[PDB]
Amino acid sequence: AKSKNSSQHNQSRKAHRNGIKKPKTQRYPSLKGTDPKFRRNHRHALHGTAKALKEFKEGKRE
Amino acid sequence: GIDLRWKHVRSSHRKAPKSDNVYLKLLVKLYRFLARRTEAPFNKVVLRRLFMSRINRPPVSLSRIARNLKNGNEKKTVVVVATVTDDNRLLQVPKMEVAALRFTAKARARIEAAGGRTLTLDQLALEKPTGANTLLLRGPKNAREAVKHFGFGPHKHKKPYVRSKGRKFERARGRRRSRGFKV
Amino acid sequence: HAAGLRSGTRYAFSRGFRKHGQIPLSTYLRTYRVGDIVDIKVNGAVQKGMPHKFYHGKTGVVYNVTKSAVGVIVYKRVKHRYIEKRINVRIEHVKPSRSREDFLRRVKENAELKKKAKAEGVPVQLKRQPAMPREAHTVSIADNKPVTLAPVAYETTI
Amino acid sequence: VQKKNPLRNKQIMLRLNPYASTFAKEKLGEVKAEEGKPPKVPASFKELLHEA
Amino acid sequence: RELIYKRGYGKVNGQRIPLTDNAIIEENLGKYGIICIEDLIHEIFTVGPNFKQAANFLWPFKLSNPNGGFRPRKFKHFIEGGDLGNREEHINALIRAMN
Amino acid sequence: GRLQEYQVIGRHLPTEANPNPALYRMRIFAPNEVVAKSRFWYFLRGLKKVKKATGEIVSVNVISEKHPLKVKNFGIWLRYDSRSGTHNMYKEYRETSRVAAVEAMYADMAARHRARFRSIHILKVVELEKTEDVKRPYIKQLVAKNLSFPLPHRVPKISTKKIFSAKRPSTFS
Amino acid sequence: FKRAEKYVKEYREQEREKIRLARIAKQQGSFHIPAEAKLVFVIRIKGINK
RNA sequence: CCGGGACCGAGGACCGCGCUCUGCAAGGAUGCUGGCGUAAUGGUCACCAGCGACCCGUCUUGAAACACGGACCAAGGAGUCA
RNA sequence: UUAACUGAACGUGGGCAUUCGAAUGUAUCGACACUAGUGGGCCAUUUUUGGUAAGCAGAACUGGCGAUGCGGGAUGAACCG
RNA sequence: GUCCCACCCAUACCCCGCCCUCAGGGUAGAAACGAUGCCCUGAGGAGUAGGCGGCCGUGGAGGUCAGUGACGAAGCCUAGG
Ligand SMILES: [Mg+2]
Ligand SMILES: [Mg+2]
Ligand SMILES: [Mg+2]
Ligand SMILES: [Mg+2]
Ligand SMILES: [Mg+2]
Ligand SMILES: [Mg+2]
Ligand SMILES: [Mg+2]
Ligand SMILES: [Mg+2]
Ligand SMILES: [Mg+2]
Ligand SMILES: [Mg+2]
Ligand SMILES: [Mg+2]
Ligand SMILES: [Mg+2]
Ligand SMILES: [Mg+2]
Ligand SMILES: [Mg+2]
Ligand SMILES: [Mg+2]
Ligand SMILES: [Mg+2]
Ligand SMILES: [Mg+2]
Ligand SMILES: [Mg+2]
Ligand SMILES: [Mg+2]
Ligand SMILES: [Mg+2]
Ligand SMILES: [Mg+2]
Ligand SMILES: [Mg+2]
Ligand SMILES: [Mg+2]
Ligand SMILES: [Mg+2]
Ligand SMILES: [Mg+2]
Ligand SMILES: [Mg+2]
Ligand SMILES: [Mg+2]
Ligand SMILES: [Mg+2]
Ligand SMILES: [Mg+2]
Ligand SMILES: [Mg+2]
Ligand SMILES: [Mg+2]
Ligand SMILES: [Mg+2]
Ligand SMILES: [Mg+2]
Ligand SMILES: [Mg+2]
Ligand SMILES: [Mg+2]
Ligand SMILES: [Mg+2]
C-alpha cells in the first residue's frame, strides 16, 4: 500500500534537543591539506628554532 | 507551568565509593572530615578520587614516579590514589617517599631497599593533613585494551573486534584498494 | 528529478546584467594569508576551482595558500552537528571580507583611546553601548507653527 | 521562618529602613508645592489648543 | 518600592532568598555600593551604573492574578482593548492589582 | 469607550539635512493617551512619509469642552468602510460636548451600519452655530419651538429582588 | 538613614524639576519633550503552551 | 489613618536583625473561659441525596465503538539455561 | 619564496589594563562508554502542488495530538485557556 | 452592533501546611553517630513505547533470633481494628 514519502517535520526539534554541537577550535590546527612544500620547510624551520632556543639557555644568548 | 529545559537533574559524579571495603569506608570518613575542615584542594581531590572505580584509578609504576621525581621534585612526597606497581625496565630505583592506596610486593620491596618510604593514605593524612610538599600522580587512564576499541569507524584507525589475527581476519575489501576500497 | 552538482544555480552562478566578459585583474592582484577571513562568491566565468553552491555566499578562514587558489575552512550545519569543511577555491571566487573591519578599526581606536586617557588622567569608555532612549529637550514653534492635519474624504481616482 | 510584609508590619519596615519613622513624623508624603502666583497659560497656547 | 518590599527575593548561591534583612543585600551587592533595600530600590528606579547586577540579583517577581481581573479579552494589544503590549504609565494600575 | 479629545503634535526626527522639521497637529478621540498616540501615528502614516520609528511625539494635551453645560448641535463628516467599499457620510447629533457627540456617533454607526471603530475615520466635527444650518429632521424636531412632550407607558422602577408584588403596578408616572 | 533621606529628597526634586521644565516651556511658547522612559517592568501574561 | 470578615499557627531553651527600649506586635499562638468526658468527636458498613462517572485488554493516526478476545470461579500459565 | 633577509610560517625578549573592549541570560559546560524503543503517523496557521472537489492525495516552517489529564466550545485527539 | 460597570469559576497564578525528588551547606583534640544518621536552605513534580533506582511478596539454602507452638503451628472465614 501507499505511505508517506518523506518529511523533515521533527528534525529541527530533534537536532536542537541536545544542542547543535560546533567542534571547539584549537590553538594549533592540523597541517593536513597544507602545501607539502610549505610543510617540508616548516618542519626544518621548527627544528632550527628549537635548537636555537636550547642553545640560548645553554650559552648562545641571542 | 514553569517552562524549564531541565528538571530534577542529578549530579553526574560519584558521591561515595561503590566499594564495600570497610577500611576504604573508614578512609573516606577521614578524608570527608579533612576536606570539610581544611582549605587544601589536595584533600578534596583525594576524597573524590577515593570514590573512583578501578578503571578510573589506573596503576602507577615506579618508573612513572621516577619520571616526575626529576626537576626539583626529589624531596616531595608522592601521592597516588591507586596501586603502585614495579617496573623491570627501571634498574635503579631512586630514593622516594610514596603514599599510595596499595603497593605491589615488588614495588614496596624495591622502594624500601632503595632507602625510600612507603605510606598508607591515613598515614599521609597524619603527617601532611594539608598535602604540603606533595606530588599527586595519576596513571594512564586511556592505556587500556578496551579504549583501543572505542569509537571504531571509517578513517578512525581504532582496533576492530576480531576473534584472531591473520590474513583471513578483517584484511580484505574495505582495507585495501586491491579489494574494492580501503576503509 | 535530479541532484547534480550545479542544480539550482541558474541565477546564483550567473553573472549580473551588464557584468559579463572581462574579469577585473585586481582579483588576481590581491594577496591572502593563512588566517585571513574571506567571502566566497562564485564567478560564473571561471569554471576551474569552483566551490559547490552551498559555499556561495559563505564566509570562512583561509587555512592554505597555493599557486592560484586558497584553502578555506567553513562550518556546515548537517543534522544536529556542525562539520568543518575544507574547500579549495580559486582566487576568482574569493574576496577579502569586511566582516572584521569594524573590530579591526575598534581595536586600534581603543588602543589610542587608552594611551590618551592614561596621558590625560581621565578614563574613557572603550566598549560600544546600544542606542539609548532620547533625552529631554525643548522644541520651539517660533517660525515653526504646527500644521493641523485631518483624514481625507474618500474619492475615486480612476 | 516567616516572611513578613514591611508594608503591613511597621517593625519590619523600621528594620529595613530606619528613615521610615522620620518620613512619617515629618510628613514627607504631604509636602506642598513652593509658593508663587502661577502665570496664566499663553493665548498662543490656548489658540493652538482650540485651533482646528 | 512595593514590588521590592513585598515580593523581593535575591538569588543567593542559586537559591531564592527573601529580602528580610539588609545583611543579605550588603553581602550580595556590597561591592557595588548597594548595602540596603533602599539602595536597591534607588538603583532600580534610577537605572544606576549597576542596574544589571541589581536586576539580576532580584529573583523574577512572582505576582498573583490582578484583583480586579483583566480586560474582557486580555490577549489583544492594550491599544486594541486587550492587555498585551506597551501600556506605558498604565502598568502601575496593573502592578497594583497583581501585587 | 469613554473618550476624550487629545491634541497630538508630532514631528519627524531632526536630521542634518533637515533640522527643525515641520510639526504636525491632529485632534484624536481616544480612550487614553496611548491610543491617542497610536491613532496619530496611523493617520500620519496615511498622510505623510513619517513613521513612529522615524519620528517623535512633541506634545499630547487634553482638549476639554469649553462649555460642557451648553446644549449644542454637532455635525460630523466621517469616512467609513462597509463590507463592500468606502463611503463618506455626514451626520448630526445633539450633545453638550464634542466628546459626547463622537461617542454617540460611534454608537450610532455601530447600530445602523455595523461599522466598527477600526473602520471609521472622523474627518471633521463642527459645532453648528446657527439653527438654519441644522439639516437633519431628527435634530430639527428637537430644536422645534416651545418643545414639550409627555412620557407615556413609563415602567416604574422596581427592585429586581422584589419578586412578588401585592398590587398591579401602574404606568402613568 | 542618611542615604534614604537623600534618596527621598532626590525623588521629590526630580519630580518638581520635570514639572517646572514643562511649565517653563509652555510659558515660553515651546513644547518640552520629556526624556523617553529608561526603565520598564515586563510581566509575562500568557501561559507556556504553544 | 481607622474599621468589618474569612482561612491558617509551620518551628520548639538562648543566639539574629531591630524598635515606639524597666519592655515590645522584633528570626512562625498565646492568654482567659465554658460544656462534655462519652460513642459526644472520630472511624467502618448499608442506603438516600447533589455533582461527577461509557468496558476492560489489544492492534491502531484515531476505540465506548456497529473492531477482535472475554459467561463465571479455583489451580496452572510465558525473556530461562549453556 | 625573493635579486636580495625579503617574504611566509613558527617563535625569543619587552610593553599594555586609571577600562578584557555590545545587550540579555547562564534554571548547566564538555567529553566518553553501553544500550532501549521507534523507523505505519495524523491535525492546524501561513506558503502551497495535483485535483471540479473531498473528513482527497503530496510537500516547507512552526506548534500540537499520538503520549494529556483539567476549565470552556452542549456533545469532540487536534480549537480557545 | 458598539461602549461601560459589577459578578461566577480550572488541577493556571499568589500565600501557607505536608510528601517525595533534585541541589547547596553544617555536624570529632568526638558530652559520639542506624555519619548509610541528624540539622539548615532553595527549587521542582504530566506521561504511552522505553530506561534506571528503591522497595513489597513467594518456594528452598547457610547463619542468627538460647524465636513461636497440642495451655493450639499452618491454612481458611470475618457490614472487627
Ligand atoms: Mg505497500
Ligand atoms: Mg514510512
Ligand atoms: Mg543526552
Ligand atoms: Mg508545578
Ligand atoms: Mg575522509
Ligand atoms: Mg585481478
Ligand atoms: Mg580482484
Ligand atoms: Mg515560604
Ligand atoms: Mg495666575
Ligand atoms: Mg471580587
Ligand atoms: Mg477577561
Ligand atoms: Mg460522625
Ligand atoms: Mg450515590
Ligand atoms: Mg454525566
Ligand atoms: Mg485503520
Ligand atoms: Mg479500548
Ligand atoms: Mg460505530
Ligand atoms: Mg483491527
Ligand atoms: Mg483480528
Ligand atoms: Mg465471544
Ligand atoms: Mg498446585
Ligand atoms: Mg495462579
Ligand atoms: Mg537505535
Ligand atoms: Mg526502512
Ligand atoms: Mg534502528
Ligand atoms: Mg499510515
Ligand atoms: Mg494530506
Ligand atoms: Mg491517507
Ligand atoms: Mg502508536
Ligand atoms: Mg495537551
Ligand atoms: Mg473540556
Ligand atoms: Mg472528527
Ligand atoms: Mg512544591
Ligand atoms: Mg512523573
Ligand atoms: Mg521450587
Ligand atoms: Mg491457629
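Just so we're on the same page: letters track the sequence lines, and every chain starts at 1.
- The partner of J:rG54 cannot be assigned: no Watson-Crick or G-U wobble pair with both contacts below 3.5 Å exists in any strand.
- G:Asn49 places its CG atom 16 Å from the P atom of I:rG71, with the value rounded to the nearest Å.
- B:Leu4 comes within contact range of at least one nucleobase, with a heavy-atom separation under 4.0 Å.
- Position along RNA chain J of the nearest nucleotide to E:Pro72 versus B:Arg10 favours E:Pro72 as the more 5'-ward residue.
- With distances taken from any side-chain atom of E:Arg7 to the nucleotides J:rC22, J:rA23, J:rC14, the minimum falls on J:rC14.
- When base pairs are accepted only as Watson-Crick or G-U wobble with both N-N or N-O distances under 3.5 Å, RNA chain H takes part in stems of 3 or more pairs at H:55-58 with H:67-70.
- Applying the 3.5 Å cutoff to both bonds, I:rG81 and I:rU38 do not register as a Watson-Crick or G-U wobble pair.
- With salt bridges taken as basic N to acidic carboxylate O contacts below 4.0 Å, none links C:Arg106 and C:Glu109.
- Shown here, J:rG44 forms a base pair with J:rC20; the pair counts as Watson-Crick or G-U wobble because both key distances fall under 3.5 Å.
- Of the possible polar contacts, one joining the E:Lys6 side chain to the E:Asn99 backbone as a donor-acceptor pair under 3.5 Å is found.
- Nearest nucleotide to the side chain of B:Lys29, out of J:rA35, H:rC17, I:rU26: J:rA35.
- With hydrogens and angles ignored, a donor-acceptor pair closer than 3.5 Å exists between the side chain of E:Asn65 and the base of J:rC13.
- RNA chain J is contacted by no residue of residues 46-62 of chain A, taking any non-hydrogen atom closer than 4.0 Å.
- With a cut-off of 3.5 Å on both pairing distances, I:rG30 has no Watson-Crick or G-U wobble partner at all.
- Spacing between atom CZ of F:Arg112 and atom P of J:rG1 amounts to 17 Å, rounded to whole angstrom units.
- With hydrogens and angles ignored, a donor-acceptor pair closer than 3.5 Å exists between the side chain of B:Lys25 and the base of J:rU36.
- Screening residues 47-62 of chain A for salt bridge (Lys or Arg N to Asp or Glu O under 4.0 Å), with sequence neighbours left out, gives A:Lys54-A:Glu58, A:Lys60-A:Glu62.
- When the side-chain nitrogen and oxygen atoms of C:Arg33 are compared with OP1 and OP2 of I:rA8, one or more of them lie within a distance under 4.0 Å.
- The partner of I:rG58 is I:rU48, judged by Watson-Crick or G-U wobble contacts that both fall below 3.5 Å.
- Within residues 5-25 of chain D, the residues having any heavy atom under 4.0 Å from RNA chain H are, by residue number, D:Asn9, D:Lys10, D:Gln11, D:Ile12, D:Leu14, D:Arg15.
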A correct 5'-to-3' footprint of nucleotides 2-15 of chain H, with B, S and - meaning base, sugar-phosphate only and no protein heavy atom under 4.0 Å, is --------B-----
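- Formation of a donor-acceptor pair under 3.5 Å by the E:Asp83 side chain with backbone atoms of E:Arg71 is found in this model.
- If you check J:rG34 for Watson-Crick or wobble pairing at under 3.5 angstrom, you find it has no partner at all.
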Scoring nucleotides 32-46 of chain I by protein non-hydrogen atoms under 4.0 Å (B base, S sugar-phosphate only, - none) yields -S-------SS----
